[PDB]
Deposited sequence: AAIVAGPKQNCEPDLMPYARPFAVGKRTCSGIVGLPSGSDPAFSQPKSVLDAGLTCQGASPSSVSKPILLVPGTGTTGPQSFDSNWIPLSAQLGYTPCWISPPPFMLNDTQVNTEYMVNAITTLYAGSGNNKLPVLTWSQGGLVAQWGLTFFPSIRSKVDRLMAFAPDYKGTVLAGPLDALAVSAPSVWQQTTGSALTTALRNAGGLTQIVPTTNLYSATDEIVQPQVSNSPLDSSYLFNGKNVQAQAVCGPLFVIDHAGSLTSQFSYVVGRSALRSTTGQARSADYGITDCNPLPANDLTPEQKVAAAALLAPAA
């Protein structure tokens, strides 16, 4: 009877299916081959990218904002992170995959991958932060999981109300609505490929009282917004049960701004508990 102190390494054909698990050689990492080809012409993808007061090919300190389902970049962020990030010193940039993020999430991801490639080079080959809302976080993690080239181009991910496990809340529906339904082939694929473990330093801010994305009530790995090794911030864990911000409030509240600002400036790439407390448990809009 032979014996050893580690689990045998998986053969090549099987490792893509155990990302994050530890074998004798160490933790199994994500596959790192070439990027899958885009189904959309690059000119079509470029048309979906915009930066405020600048061209994405020559921009200073860009921050890429990825919108939520049923919205464009301006609709999601005009009243909040476009002006808030500008005030923090970034050039706000965003993608608006047509039509209103309702089409195939895999195509919406092409817009994000192309945007990161563009903004990385456009900012002098420097990593940039990605900030998202709702489906935008699912798109970010899908891109990081399946497009190896951008993993070294994103320095951190600040995701508000991300639905990595989709939602159980919910007939003929938009393509991306089918994909964000819990149990969907898309959410199944993300999990099975190792996507529920962070790839870049990630902060997920969400709320137990989200009326769009559930379940989010456990403050644990069962929550749709949770990523292993990430800085998972369920608002009620910090603020108590009387703090009841909704799906959009998760993006726009003063609490959300304090946590996001912490994540954006942190040298670890993740928000820090030392940067927020009970006094920041403010449900009013940050931009107000």
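Enquirer: Could you please spell out the deposited residue ranges that have no C-alpha entry in the coordinates?
Expert: The deposited sequence has unmodelled segments at 1 to 5, 176 to 181, 300 to 316.
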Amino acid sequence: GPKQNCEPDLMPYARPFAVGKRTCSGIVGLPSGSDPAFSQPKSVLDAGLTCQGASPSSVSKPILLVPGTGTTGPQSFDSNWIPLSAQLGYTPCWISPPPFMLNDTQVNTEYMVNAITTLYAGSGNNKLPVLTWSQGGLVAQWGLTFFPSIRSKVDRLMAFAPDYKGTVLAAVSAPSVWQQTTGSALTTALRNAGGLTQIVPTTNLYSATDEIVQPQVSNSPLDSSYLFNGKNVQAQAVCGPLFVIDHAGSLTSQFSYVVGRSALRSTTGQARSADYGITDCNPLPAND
From here on, numbers count along this sequence of modelled residues.
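Enquirer: Which wins on mean Cα temperature factor, 197 to 205 or 81 to 89?
Expert: Stretch with the greater average CA B-factor: 81 to 89.
Enquirer: Looking only at CA atoms, which has the higher mean B factor in the entry: 158 to 166 or 182 to 190?
Expert: Of 182 to 190 and 158 to 166, the stretch with the higher C-alpha B-factor average is 182 to 190.
Enquirer: From 260, 249, 240, 33, can you pick the one with the highest C-alpha B factor in the entry?
Expert: So the option with the highest C-alpha B-factor is 33.
Enquirer: Given 224, 43, 234, 254, identify the residue with the highest C-alpha B factor in the PDB entry.
Expert: Of the candidates given, the C-alpha B-factor peaks at 43.
Enquirer: Among the modelled residues of its chain, does the C-alpha B-factor of residue 138 lie in the lowest, middle or highest third?
Expert: For residue 138, whose C-alpha B-factor we compare with every modelled residue in the chain, the answer is the lowest third.
Enquirer: Per the entry's values, where does residue 171 land by CA temperature factor relative to the rest of its chain, in the lowest, middle or highest third?
Expert: Highest third, going by the recorded CA B-factors of the chain.
Enquirer: Taking the C-alpha B-factors as the PDB entry records them, is residue 103 in the lowest, middle or highest third of its chain?
Expert: It belongs to the middle third of the chain when residues are ordered by C-alpha B-factor.
Enquirer: What third of the chain does residue 96 rank in for C-alpha temperature factor, lowest, middle or highest?
Expert: Tercile = lowest for this residue's CA B-factor.
Enquirer: Based on the deposited C-alpha B factors for this chain, I'd like to know if residue 121 is in the lowest, middle or highest third.
Expert: Tercile = highest for this residue's CA B-factor.
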